[PDB]
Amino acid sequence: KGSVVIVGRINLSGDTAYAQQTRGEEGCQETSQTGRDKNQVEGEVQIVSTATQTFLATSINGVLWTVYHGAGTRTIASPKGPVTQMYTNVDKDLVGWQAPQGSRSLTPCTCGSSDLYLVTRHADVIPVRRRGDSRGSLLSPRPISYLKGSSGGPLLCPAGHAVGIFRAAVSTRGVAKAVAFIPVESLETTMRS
């Protein structure tokens, strides 16, 4: 097995979103195998790694959420050693840990806006137009490479509240046309029986 390892962070507090890498490929390979990570955590969105993949994870209501197809049943490396998952929902493709010390949690969106904002792993903020429970159109199509690594990141309100967790793109010939996401309501259902 192995722990998922925070290799970075996205800050959404200020006027513009930015990414910081805080750990390289060699130091991440090391920390996955110990499960002990003494680095300072900050931000709403974390950049996380397994042995194969690098993607996002997002704190909402005190829980760091990401995708199950990326994270699996893995522990997360922390300053007190490896932390077990608090929630595992394979049906909803959703796993969550106790939000790490240092982090900030997003609030669930209560406004029902269909104007969403996808935060990518490069801290690009892309407008998405909500279409149903779990889908949204891209106002501009992108190469899927643009979104590769963003699984686990948030879709936001215009108010900066969590609408959902990005998990997949609908793609034709390497051009993403839409995004699929885990709605924040599903995260709420997961905590609430």
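Don't overthink the numbering: it's just position in the shown sequence, from 1.
Per the PDB record, of the two stretches 143-151 and 30-38, 30-38 carries the greater mean B-factor over its C-alpha atoms. For the pair 46-54 and 164-172, the mean Cα B-factor is higher in 46-54. Comparing the listed residues 116, 83, 123, 71, the entry records the largest Cα B-factor for 83. When the C-alpha B factors of 79, 112, 96, 108 are read from the deposited coordinates, the top value falls at 79. When the modelled residues of the chain are ordered by their C-alpha B factor, residue 186 lands in the lowest third.
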